[PDB]
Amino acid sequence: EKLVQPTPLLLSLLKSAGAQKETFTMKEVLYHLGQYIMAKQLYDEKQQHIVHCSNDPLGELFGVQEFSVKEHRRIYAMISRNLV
């Protein structure tokens, strides 16, 4: 319900994944990031909850080389450091 403003670099990732605006609900951000993950096939083939991103823009924005899609509190925290 409350809205968030992604910083410019996060925003650019979201638009590369189909976002067509600049303010979002957390849910919409998570959705486009999920699609971005799928589109770049950042997930591990065998351990599919794991995202490899040391060589991806997301890795630098999130400050991690790997993380799990199931780590929701951690994912919120990584996203929050990229919201205005």
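One-based numbering along the sequence shown. Rigid core (definition): largest C-alpha set, two forms, superposition within 1.5 Å.
*Asks:* Please tell me which region, 37 to 45 or 24 to 32, has C-alphas lying farther from the displayed form on average in 6 other deposited structures of this protein, with superposition done on the core.
*Replies:* Looking at 24 to 32 and 37 to 45 in 6 other deposited structures of this protein, the bigger mover is 37 to 45.
*Asks:* Comparing against the shown form in 6 other deposited structures of this protein, which stretch has the larger RMS C-alpha deviation after a rigid core superposition, 72 to 80 or 56 to 64?
*Replies:* Between 72 to 80 and 56 to 64, greater C-alpha deviation in 6 other deposited structures of this protein belongs to 56 to 64.
*Asks:* Just say lowest, middle or highest third for the CA B-factor of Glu45 relative to the other modelled residues in its chain.
*Replies:* Its C-alpha B-factor, which the entry lists for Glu45, ranks in the highest third among residues of this chain.
*Asks:* Among the chain's modelled residues, which third holds the C-alpha B-factor of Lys15?
*Replies:* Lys15: CA B-factor falls in the middle third of its chain.
*Asks:* Taking the C-alpha B-factors as the PDB entry records them, is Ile79 in the lowest, middle or highest third of its chain?
*Replies:* Its C-alpha B-factor, which the entry lists for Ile79, ranks in the middle third among residues of this chain.
*Asks:* Report the third (lowest, middle or highest) to which the CA temperature factor of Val69 belongs, ranking only the modelled residues of the same chain.
*Replies:* It falls in the bottom third of the chain.
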